[PDB]
Amino acid sequence: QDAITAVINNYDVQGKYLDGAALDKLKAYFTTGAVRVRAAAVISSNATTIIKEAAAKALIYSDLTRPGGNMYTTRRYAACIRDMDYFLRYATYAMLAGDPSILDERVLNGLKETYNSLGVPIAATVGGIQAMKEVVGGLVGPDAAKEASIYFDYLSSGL
Amino acid sequence: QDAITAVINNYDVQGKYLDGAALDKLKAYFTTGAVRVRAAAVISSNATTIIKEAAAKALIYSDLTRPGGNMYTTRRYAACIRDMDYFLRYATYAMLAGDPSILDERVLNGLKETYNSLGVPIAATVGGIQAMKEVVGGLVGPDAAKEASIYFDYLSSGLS
Amino acid sequence: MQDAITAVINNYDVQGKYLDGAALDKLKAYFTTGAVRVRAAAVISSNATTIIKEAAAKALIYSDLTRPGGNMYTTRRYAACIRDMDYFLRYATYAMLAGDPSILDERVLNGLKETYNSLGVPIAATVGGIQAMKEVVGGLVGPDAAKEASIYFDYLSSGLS
Amino acid sequence: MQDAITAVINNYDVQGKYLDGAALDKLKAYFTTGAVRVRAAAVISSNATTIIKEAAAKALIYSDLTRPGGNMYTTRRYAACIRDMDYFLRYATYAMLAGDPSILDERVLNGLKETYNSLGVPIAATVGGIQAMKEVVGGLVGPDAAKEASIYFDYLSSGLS
Amino acid sequence: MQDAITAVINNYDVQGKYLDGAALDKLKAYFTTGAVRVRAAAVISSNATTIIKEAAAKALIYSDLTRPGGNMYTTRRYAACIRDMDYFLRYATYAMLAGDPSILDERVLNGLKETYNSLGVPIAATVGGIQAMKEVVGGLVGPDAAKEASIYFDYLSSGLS
Amino acid sequence: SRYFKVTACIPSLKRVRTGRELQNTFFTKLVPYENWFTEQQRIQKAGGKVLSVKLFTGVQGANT
Amino acid sequence: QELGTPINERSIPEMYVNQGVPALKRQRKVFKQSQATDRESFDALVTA
Amino acid sequence: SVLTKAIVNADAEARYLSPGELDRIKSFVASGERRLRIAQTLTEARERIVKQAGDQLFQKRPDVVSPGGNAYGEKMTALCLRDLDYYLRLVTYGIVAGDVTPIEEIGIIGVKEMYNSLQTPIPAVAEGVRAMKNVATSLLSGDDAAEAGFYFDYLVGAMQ
Amino acid sequence: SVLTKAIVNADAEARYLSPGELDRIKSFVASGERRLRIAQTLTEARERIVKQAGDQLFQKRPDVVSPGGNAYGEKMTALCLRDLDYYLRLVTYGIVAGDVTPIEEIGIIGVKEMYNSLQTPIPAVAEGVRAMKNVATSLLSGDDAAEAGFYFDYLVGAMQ
Amino acid sequence: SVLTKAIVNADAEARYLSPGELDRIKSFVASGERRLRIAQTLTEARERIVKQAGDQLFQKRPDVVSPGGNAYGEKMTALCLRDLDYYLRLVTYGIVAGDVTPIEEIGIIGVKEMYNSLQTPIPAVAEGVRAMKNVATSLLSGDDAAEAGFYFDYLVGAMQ
Amino acid sequence: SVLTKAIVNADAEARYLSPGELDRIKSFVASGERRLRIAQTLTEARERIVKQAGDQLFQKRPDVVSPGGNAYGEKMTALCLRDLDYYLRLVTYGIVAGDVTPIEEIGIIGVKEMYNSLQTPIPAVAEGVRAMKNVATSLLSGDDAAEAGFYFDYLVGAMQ
Amino acid sequence: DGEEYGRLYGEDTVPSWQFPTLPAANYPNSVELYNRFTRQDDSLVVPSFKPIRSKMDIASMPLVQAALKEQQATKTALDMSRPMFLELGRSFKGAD
Ligand SMILES: *[C@H](C)[C@H]1/C(=C/c2[nH]c(/C=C3N=C(/C=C4\NC(=O)C(CC)=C4C)C(C)=C\3CCC(=O)O)c(CCC(=O)O)c2C)NC(=O)[C@@H]1C
Ligand SMILES: *[C@H](C)[C@H]1/C(=C/c2[nH]c(/C=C3N=C(/C=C4\NC(=O)C(CC)=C4C)C(C)=C\3CCC(=O)O)c(CCC(=O)O)c2C)NC(=O)[C@@H]1C
Ligand SMILES: *[C@H](C)[C@H]1/C(=C/c2[nH]c(/C=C3N=C(/C=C4\NC(=O)C(CC)=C4C)C(C)=C\3CCC(=O)O)c(CCC(=O)O)c2C)NC(=O)[C@@H]1C
Ligand SMILES: *[C@H](C)[C@H]1/C(=C/c2[nH]c(/C=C3N=C(/C=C4\NC(=O)C(CC)=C4C)C(C)=C\3CCC(=O)O)c(CCC(=O)O)c2C)NC(=O)[C@@H]1C
Ligand SMILES: *[C@H](C)[C@H]1/C(=C/c2[nH]c(/C=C3N=C(/C=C4\NC(=O)C(CC)=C4C)C(C)=C\3CCC(=O)O)c(CCC(=O)O)c2C)NC(=O)[C@@H]1C
Ligand SMILES: *[C@H](C)[C@H]1/C(=C/c2[nH]c(/C=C3N=C(/C=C4\NC(=O)C(CC)=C4C)C(C)=C\3CCC(=O)O)c(CCC(=O)O)c2C)NC(=O)[C@@H]1C
Ligand SMILES: *[C@H](C)[C@H]1/C(=C/c2[nH]c(/C=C3N=C(/C=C4\NC(=O)C(CC)=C4C)C(C)=C\3CCC(=O)O)c(CCC(=O)O)c2C)NC(=O)[C@@H]1C
Ligand SMILES: *[C@H](C)[C@H]1/C(=C/c2[nH]c(/C=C3N=C(/C=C4\NC(=O)C(CC)=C4C)C(C)=C\3CCC(=O)O)c(CCC(=O)O)c2C)NC(=O)[C@@H]1C
Ligand SMILES: *[C@H](C)[C@H]1/C(=C/c2[nH]c(/C=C3N=C(/C=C4\NC(=O)C(CC)=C4C)C(C)=C\3CCC(=O)O)c(CCC(=O)O)c2C)NC(=O)[C@@H]1C
């Protein structure tokens, strides 16, 4: 869900009509919104490169890519980069939304269990997410980076 | 999968090119192959009888078939003989393949849990498998029997 | 199906022509009408149940059809007839937004006559109902929207005929 | 499907007759031809992409079809047409190995005319393409194979037309 | 058959409505177009033989069709094909005067596909010939007439294909 | 009627998928007794591994 | 310019649209449980 | 036939025949001439094979030719022998084809249902086929017999 | 178009258009007039865009217009330019539609297969589209260029 | 391998292996020894094949080993050669298996995606494999070369 | 031809043909029919072989078809292709003859001198012949290709 | 439970109209099915597939035809590995 809906939901459980204090929180979000939209466009354009750089930092030139490693074979390599893309796309969605919930509902739920059955290494995946965050931070610029970082960290903590 | 593929897979994880020692194992399989094909044809033709004989040896004339036994009622009896057939078919496949893996992937996977929920007795099932092995051994003949026996034993160990 | 914008594009594509001013004018015409159409569609959706009720009252009910031996006799048949009425309304609304009659041809109009003949549903009565819905719709949507709405209703009626 | 060996068997089975020397001779004839057929099939498989390319160049492309509003205009349609061409080639190869035209009737020929008419694909152009493929195939396979190859291609052409 | 004047009348008759101004306007429109149509028709009739000749040269002749084993091979078949071409031209001229495509459906289009399939005449080639005639006709009739002439030719082509 | 609760994981070996497809990979499901046999085989043939099988409804070794 | 124009006029453009596999095949939507993770999505699934 | 089987697998895969598959076709066409001779031998000896097998079957199963039994009476005994003849013809067809498919379509699908309506015992029919195999084997040379045996065994397996 | 997409989703659900869907339609109709101007600009500059892009492409890839290369010769070079013109026309259609769907059906599905039969190199085609984008961007105002860029980028992404 | 394929078809049908299927298995086991020798030859010549192919590739494509190009630099050039070595190892595995499946799982699925992320040009990779084929063909005897060629061709087809 | 060679040796010795020589003649006459087919195949595919080889050559050597280069211009390019066609015709003649002598007299003696006066580069011509060989090999079956290869190789050896 | 359903719809996807190219009459037949409204036509699209006669015999095909001539013509000649005296005594016409 979204920051706006989150405020609404909090009021709805109370049963309270919308109040100025609530409105102020919504207003706060609205100011941040413009920045977020710009950041999202940057990420979308540079998505392929972001993944490439992050992979270079952590995934490739590693035991994983070497034979007997989890990311060995083309099929596994492709799967890992697909997962990386997912994380990036969802983080971008979360940043626009201003809420971490979407990450929980789609990405975070059942991922640990799936990975354990697959035998994918969680710590390495987390490493990759952190690497993406660093690359993203550069492109988006400082103001946007703080907002972007929290969602990346949320994914990492969940995993 | 197969003996040939098993060797390949072991080498692939190592990243090693195929070597003479590996080749020798493959060569060994190729010689055994002809015997295995003959054995498989024998088993397929006599499959119904093999099951009949094995049931006679272990399953029937027993408490299981008597009321209150697991194999009592036509439905349960039919289920048990269906399971016997599968074990035989998969063992035949394994013998041709030269690899125990297919048994793990097909027969062995989820069997124990299913049986425990059903309350089917594992030891009796194992007994039936061993009986089939003995009957099969006769028909296939001695050279083939040794090869056939290992897969039957593998099934039995898995179920237990 | 197609919409007006896509219909222009498709006509040009078969010709292989780049979009030209005459084509642009048709597109421009659509764009102005668009806002009105959206408002009309929302009106229809909200009042759909009533529209059907009023139209049925005007033509279908208190008639031989509803009386025993009539096509709309029995609850099952009555329910079917009002379901069909709803279909016509929904599709006409789709067509009005699209600005193109094609969707009606592709989904509603194709095979309807044959279906009705096998069923023994009376076409003229159905047409009457469609015309009644049009009149009710015209009121709710208002005059500018009504003209646009009417053409799609008439298209359905002509097809069934 | 049916092959020459099975065709002989089936003819005898309907008669109820045991296989006889005359029948055996036909079977023997097939067995000798077999080796040639296998060589031809391998040639066709290796050169399949080129055969299609050449044939398209001869008949399909540089034409109104490829021009906008033509059947083979748009990438999707172009790709479909070359896929169909490949089908014809693969089935003809199967027929040549089999020594029987029946497979063509059972798989390719059955319902093709009707499919094409609904699609609006032009049959005569398709036939033209098949004939073109035949000519190219004849060259590659060589003379002994060519005569055998040609008959299946002609069979397809006659069926479509 | 049906013509524009009769088409308006028939539409009103099914409604049971007396002729109204809107209907009158359509009739009036036809009457103005009439003079142009008559001129076009006279042009076509005078140049009919040449139109056919040119069109055949463009599509039919110097081809596999004319070569032995082709559909238009033998004098009898050649003569038949040019007779068919003449039919299409005459009927198109009738349609243009009438201002209605119905006559084409009633006389030419009905059963043509089936006839051709039984005969083994190639439809796509025939369509090609019709298109060729259209191009020649367009030149002779001149621009105002051309657009009107083209639609009937295209109608024939679409029907056959 | 007896029902089976089955948890099974199936990997997508033939093709990498752009859609998330979490549900297809890992699924817990209720299976009618009659259906389960066939379903178990199908999971095996796919190369999916059935981690857990339980009888959700009914009694084991019941004659009726 | 000439090599991208039609050789023949295409005098009724509608005929040449709607040739081929019908648009229905492409228009339709696919529904999955993976998309279901929302209350509205689920309702669409079920209707489908 | 072997070739039909190969083509069918290719069509399912939607691919041209593999080189390996093509090689198998080549081998089959070479083998065919030998196969034709084997079939010819059985055809010539057909009348005697049926007669001998019939006698063996009736000795093995007195019941079938007993007043209760289905085979009993001249008309019925003739029909039983006709059936044996049919199966032999099918076997010959199989040998030339190199596949059981020709045999299978004509004789093994719906066989259970047909015989159950007739009330003929299926196991007895199987015995008759086994008997025919033994007679046929004796006339055939050893390697020829092995080839013929496979087809005979399939029939016995089918009628089980 | 956006409208078509919305209608199609509604029809699948068998419901009237949702308010959200209606809102998107409203936004699109407002955008359309701006979009029409962008499309008009490119149409007028079409001839020059194609010419300039072609030259750039040929400089980038000498080989394509070389005796070995596909593009070589006047006839072939014209066809290569015709292809570029086709893609430009598709882009204009896209801008007015507000979605890539119109572009996608005509140009991006089966494109690989078509070009592979032709033997045209796909990467070169992509470069040509990139070249056209650069020319088009220069003529367009910045915000207009961004809109146009998206459609151009999609084409480049589709073709690799 | 072939045997695995046969077993899998049987399991899908839930039937014992057909005689024809069994015969194909027999043929494969006989062929295997010849196949092993072909594989052995390539393994011994592996180091030289890779080296020669690399040089040919770099001559064919100066760009790849250029400052812009992916292959440029020692580290990168080594990785490019490592990739060539990987593909050769896969080919050897294929020859012994008698099927492309082993090759396919390790190397051909998701290959496009992997290389696109790396930004390595796929056509250049294909050329390298072609180059390796030519070197390998020269060392192999003609009939052996044809067998090896099929596997090499498949790789080239896959990476296209 | 083989026959001419044998006769010539005999006449030098002033003796009747030796048994060994006669045997070689016998072998040749048996081979001839196969040889004729190989030649026929290449003749039919001649136009395509030349075209494909030309393209390959021009890709391999940009310079020859460049303003400086000899091959450059339509007239010159035609002549270069005509030369390739000539060599192909000679190769076919060789195959039927069973010796390189026919090829040698028409094409390989004085070739250096002729081309040096023309200023055509001899190595480029050799590359074109190599290219033609590759195309020809693909159309020919493996054994046929080997036979054809020998004649092609001779030409390449002759011209350097 | 079958494989087709499993291959294409899987466990989580709702089935949809396939619109298949492939087997042969499948595309036209499916599309007639999809176009019919409920109760519009109850008639079978495919009552059953009618079996097809043979247009051409095995012997008409060129390769077989040739091989028959080769065995038929010059069926009787001279047998190698047969002593000549036995061959000269052999009869060609036989019966008749
Ligand atoms: C008598 C009409 C026919 C006949 C009977 C026969 N039965 C057997 C052996 C068994 N019969 C059963 C039957 C049942 N078990 C069940 O649970 C039920 C459902 C309530 C039934 C009906 C079973 C299980 C057996 C196996 C032996 C055992 O019970 O342990 C035989 C012996 C065959 C053998 O080899 O065991 C016979 C002879 N035989 C006829 O031909 C009669 C027409
Ligand atoms: C027979 C030797 C013993 C026996 C068997 C028995 N099994 C069942 C029921 C099932 N058994 C299975 C097992 C399998 N399913 C598979 O997919 C495979 C691999 C091919 C196996 C081996 C399953 C799934 C069932 C449940 C449904 C089914 O019929 O398949 C029963 C019936 C028990 C019940 O409560 O209904 C029985 C009796 N039990 C014995 O008494 C023997 C020792
Ligand atoms: C009375 C208990 C309650 C009531 C009745 C009521 N009904 C109508 C109108 C109609 N009722 C029917 C119903 C049927 N038609 C059938 O074929 C069957 C099954 C055999 C039924 C039950 C129909 C069709 C009509 C429409 C009129 C017509 O028959 O043509 C009204 C009139 C209201 C209106 O809008 O028409 C009323 C009042 N309503 C109550 O308030 C009572 C509690
Ligand atoms: C109402 C004004 C008239 C009327 C209607 C009526 N219709 C049916 C049955 C059907 N109607 C349809 C029609 C459609 N299905 C579609 O997909 C479309 C286009 C979107 C239409 C318009 C169909 C297919 C059926 C048959 C299946 C079904 O009932 O759902 C009936 C029932 C007839 C019967 O014999 O069962 C009726 C009564 N009845 C009238 O008399 C009114 C004039
Ligand atoms: C130019 C950048 C590249 C190039 C182009 C090229 N194309 C052809 C031939 C054709 N290309 C098409 C393409 C299309 N048809 C469509 O419907 C669409 C989408 C609307 C496209 C883009 C077609 C159909 C043809 C065939 C000819 C015809 O139209 O009938 C050629 C020449 C063909 C040949 O190989 O002989 C060329 C050169 N070639 C390059 O190398 C450039 C990179
Ligand atoms: C190529 C020479 C001509 C051409 C082809 C073309 N085909 C289609 C569409 C279809 N093709 C088939 C045909 C077959 N299905 C079969 O099973 C067989 C026999 C094995 C054949 C030949 C089918 C069923 C279709 C429709 C379904 C589908 O496309 O998946 C098209 C239209 C494709 C489109 O997307 O619109 C075309 C263009 N058209 C030409 O112009 C050539 C003359
Ligand atoms: C020569 C004495 C005279 C002459 C001949 C001439 N013919 C054509 C063109 C064609 N003539 C035919 C004729 C036949 N087709 C048939 O099926 C038969 C019977 C078997 C015949 C005789 C055809 C079909 C053509 C059309 C071309 C084609 O084959 O596709 C021409 C040139 C055509 C033109 O006018 O451009 C000529 C010159 N012309 C004379 O003046 C001589 C007296
Ligand atoms: C990459 C950073 C690491 C890695 C990844 C990896 N993942 C798989 C397989 C799967 N991963 C997922 C995960 C998701 N599916 C979803 O829907 C979502 C949320 C949107 C996620 C994140 C799934 C379900 C799979 C299964 C296959 C599929 O296509 O769905 C693999 C393949 C492992 C295997 O053997 O199947 C890999 C390699 N592993 C690493 O080594 C990297 C550190
Ligand atoms: C050489 C022909 C071309 C080339 C190669 C190249 N590759 C890399 C990096 C990698 N290549 C692979 C490939 C594989 N890993 C596997 O598991 C398999 C299947 C068995 C393959 C084929 C991988 C995964 C990497 C990453 C590094 C690693 O694995 O340790 C590079 C370096 C680029 C980079 O960013 O890493 C290069 C240069 N490049 C060309 O242009 C040549 C045509």
# chains A, B, ... in the order shown; residues from 1 in each chain; ligands from 1
$ calpha_fit_rmsd --fixed "chain I" --moving "chain H"
0.7 Å
$ residues_around --residues "range 85-95 of chain K" --least-positions-apart "4" --cutoff "9 Å" --atoms "only C-alpha atoms" --output "CSV table (one decimal) with N, CA, C and O atoms, in the first residue's frame"
chain,number,residue,atom,x,y,z
K,1,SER,N,43.0,-38.8,-67.5
K,1,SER,CA,42.2,-39.8,-66.8
K,1,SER,C,43.0,-41.0,-66.3
K,1,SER,O,44.2,-41.1,-66.7
K,32,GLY,N,33.0,-44.8,-61.5
K,32,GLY,CA,32.6,-43.8,-62.4
K,32,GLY,C,31.2,-43.3,-62.2
K,32,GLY,O,30.9,-42.1,-62.2
K,35,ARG,N,31.0,-41.2,-59.3
K,35,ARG,CA,31.6,-39.9,-59.7
K,35,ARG,C,30.7,-39.0,-60.5
K,35,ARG,O,30.7,-37.8,-60.2
K,36,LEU,N,30.0,-39.6,-61.4
K,36,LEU,CA,29.1,-38.8,-62.3
K,36,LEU,C,28.1,-38.1,-61.5
K,36,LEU,O,27.8,-36.9,-61.7
K,38,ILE,N,28.3,-37.2,-58.3
K,38,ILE,CA,29.0,-36.1,-57.5
K,38,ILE,C,29.1,-34.9,-58.4
K,38,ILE,O,28.9,-33.7,-58.0
K,39,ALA,N,29.6,-35.1,-59.6
K,39,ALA,CA,29.8,-34.0,-60.6
K,39,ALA,C,28.5,-33.3,-60.9
K,39,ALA,O,28.4,-32.1,-61.0
K,40,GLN,N,27.4,-34.1,-61.1
K,40,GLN,CA,26.1,-33.6,-61.4
K,40,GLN,C,25.6,-32.7,-60.3
K,40,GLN,O,25.1,-31.6,-60.6
K,42,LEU,N,27.3,-30.9,-58.2
K,42,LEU,CA,28.0,-29.6,-58.1
K,42,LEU,C,27.5,-28.7,-59.3
K,42,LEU,O,27.4,-27.5,-59.1
K,43,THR,N,27.3,-29.3,-60.5
K,43,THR,CA,26.9,-28.5,-61.6
K,43,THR,C,25.6,-27.8,-61.3
K,43,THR,O,25.4,-26.7,-61.7
K,46,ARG,N,25.9,-25.0,-59.0
K,46,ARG,CA,27.1,-24.2,-59.4
K,46,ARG,C,26.8,-22.7,-59.1
K,46,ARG,O,27.6,-22.1,-58.5
K,47,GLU,N,25.6,-22.2,-59.6
K,47,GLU,CA,25.3,-20.8,-59.5
K,47,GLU,C,25.4,-20.3,-58.0
K,47,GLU,O,26.0,-19.3,-57.8
K,49,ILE,N,27.0,-21.9,-55.5
K,49,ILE,CA,28.3,-22.1,-54.9
K,49,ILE,C,29.1,-20.8,-55.2
K,49,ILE,O,29.8,-20.3,-54.3
K,50,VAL,N,29.1,-20.4,-56.5
K,50,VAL,CA,29.9,-19.3,-56.9
K,50,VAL,C,29.5,-18.1,-56.1
K,50,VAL,O,30.3,-17.4,-55.6
K,80,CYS,N,35.9,-11.5,-61.9
K,80,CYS,CA,36.4,-12.3,-60.8
K,80,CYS,C,35.5,-13.5,-60.5
K,80,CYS,O,35.9,-14.6,-60.2
K,81,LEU,N,34.1,-13.3,-60.6
K,81,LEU,CA,33.2,-14.3,-60.4
K,81,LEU,C,33.3,-15.3,-61.6
K,81,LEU,O,33.2,-16.5,-61.3
K,99,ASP,N,41.3,-37.8,-62.1
K,99,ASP,CA,42.7,-37.3,-62.1
K,99,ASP,C,42.6,-35.8,-62.1
K,99,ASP,O,41.7,-35.3,-62.6
K,100,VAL,N,43.7,-35.2,-61.7
K,100,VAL,CA,43.8,-33.7,-61.7
K,100,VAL,C,44.2,-33.2,-63.1
K,100,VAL,O,44.2,-32.0,-63.4
K,101,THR,N,44.7,-34.2,-63.9
K,101,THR,CA,45.3,-33.8,-65.2
K,101,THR,C,44.4,-32.9,-66.0
K,101,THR,O,44.8,-31.8,-66.5
K,102,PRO,N,43.1,-33.2,-66.2
K,102,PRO,CA,42.2,-32.3,-66.9
K,102,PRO,C,42.2,-30.9,-66.3
K,102,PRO,O,42.3,-29.9,-67.1
K,103,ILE,N,42.1,-30.8,-65.0
K,103,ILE,CA,42.2,-29.5,-64.3
K,103,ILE,C,43.5,-28.9,-64.6
K,103,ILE,O,43.5,-27.7,-64.9
K,104,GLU,N,44.5,-29.6,-64.5
K,104,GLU,CA,45.9,-29.1,-64.5
K,104,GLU,C,46.2,-28.4,-65.8
K,104,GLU,O,46.7,-27.3,-65.8
K,106,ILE,N,44.2,-27.1,-68.1
K,106,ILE,CA,43.4,-26.0,-68.5
K,106,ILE,C,43.7,-24.8,-67.5
K,106,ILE,O,43.7,-23.7,-68.0
K,107,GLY,N,44.0,-25.1,-66.2
K,107,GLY,CA,43.9,-24.0,-65.2
K,107,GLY,C,45.2,-23.8,-64.4
K,107,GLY,O,45.4,-22.7,-64.0
K,129,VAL,N,38.8,-20.2,-54.0
K,129,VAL,CA,38.7,-21.6,-54.3
K,129,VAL,C,38.4,-22.3,-53.0
K,129,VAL,O,37.5,-23.2,-53.0
K,132,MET,N,34.8,-21.8,-52.2
K,132,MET,CA,34.0,-22.6,-53.0
K,132,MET,C,33.9,-24.0,-52.4
K,132,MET,O,32.9,-24.6,-52.5
K,147,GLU,N,35.8,-36.8,-51.6
K,147,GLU,CA,36.3,-36.9,-53.0
K,147,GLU,C,36.4,-35.6,-53.6
K,147,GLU,O,37.5,-35.3,-54.2
K,148,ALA,N,35.4,-34.7,-53.5
K,148,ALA,CA,35.4,-33.4,-54.1
K,148,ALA,C,36.5,-32.6,-53.5
K,148,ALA,O,37.2,-31.8,-54.2
K,151,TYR,N,40.1,-32.6,-55.1
K,151,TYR,CA,40.3,-31.9,-56.3
K,151,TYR,C,40.4,-30.4,-55.9
K,151,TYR,O,41.2,-29.6,-56.4
K,152,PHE,N,39.5,-29.9,-55.0
K,152,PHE,CA,39.6,-28.6,-54.5
K,152,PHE,C,40.9,-28.2,-53.9
K,152,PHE,O,41.5,-27.1,-54.1
K,155,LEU,N,43.7,-27.6,-56.4
K,155,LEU,CA,43.7,-26.3,-56.9
K,155,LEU,C,44.3,-25.3,-56.0
K,155,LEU,O,45.1,-24.4,-56.4
$ closest_atom_pairs --of "chain F" --to "chain L" --cutoff "7 Å" --atoms "only C-alpha atoms" --output "tab-separated table"
residue	atom	partner	partner_atom	distance
F:23	CA	L:12	CA	6.9
F:24	CA	L:12	CA	6.2
F:38	CA	L:1	CA	6.8
F:39	CA	L:1	CA	6.8
$ calpha_fit_rmsd --fixed "chain C" --moving "chain D"
0.5 Å
$ residues_around --residues "range 101-104 of chain E" --least-positions-apart "2" --cutoff "9 Å" --atoms "only C-alpha atoms" --output "list in words"
residues 1, 2, 3, 88, 91, 92, 94, 95, 96, 98, 99, 106, 107, 108, 109, 110, 151, 152, 155 and 156 of chain E
$ write_last_selection --atoms "C-alpha atoms" --output "compact mmCIF listing (two decimals), in the first residue's frame"
# COMPACT_ATOMS: atom_id res chain seq x y z
CA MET E 1 -30.69 -5.84 -58.48
CA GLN E 2 -30.45 -2.82 -56.19
CA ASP E 3 -29.40 0.74 -56.88
CA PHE E 88 -15.87 -8.47 -64.13
CA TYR E 91 -20.45 -5.78 -63.87
CA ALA E 92 -18.19 -3.19 -62.26
CA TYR E 94 -23.03 -1.61 -63.94
CA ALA E 95 -22.24 -1.18 -60.24
CA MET E 96 -20.67 2.22 -60.81
CA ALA E 98 -26.02 1.97 -59.95
CA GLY E 99 -23.99 3.40 -57.09
CA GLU E 106 -26.03 -11.00 -56.49
CA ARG E 107 -24.47 -11.91 -59.86
CA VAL E 108 -20.69 -12.09 -59.78
CA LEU E 109 -19.71 -12.83 -56.22
CA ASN E 110 -22.27 -15.53 -55.41
CA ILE E 151 -14.30 0.81 -54.75
CA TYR E 152 -16.28 -1.62 -56.94
CA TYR E 155 -15.18 -5.07 -53.61
CA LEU E 156 -14.88 -7.77 -56.27
$ residues_near_ligand --ligand "ligand 4" --cutoff "8 Å" --atoms "only C-alpha atoms and all ligand atoms" --output "ChimeraX atom specification"
/C:56,60,65,70-73,76-85,87-88,91,107-109,112,115-116,119-130 /L:37-40
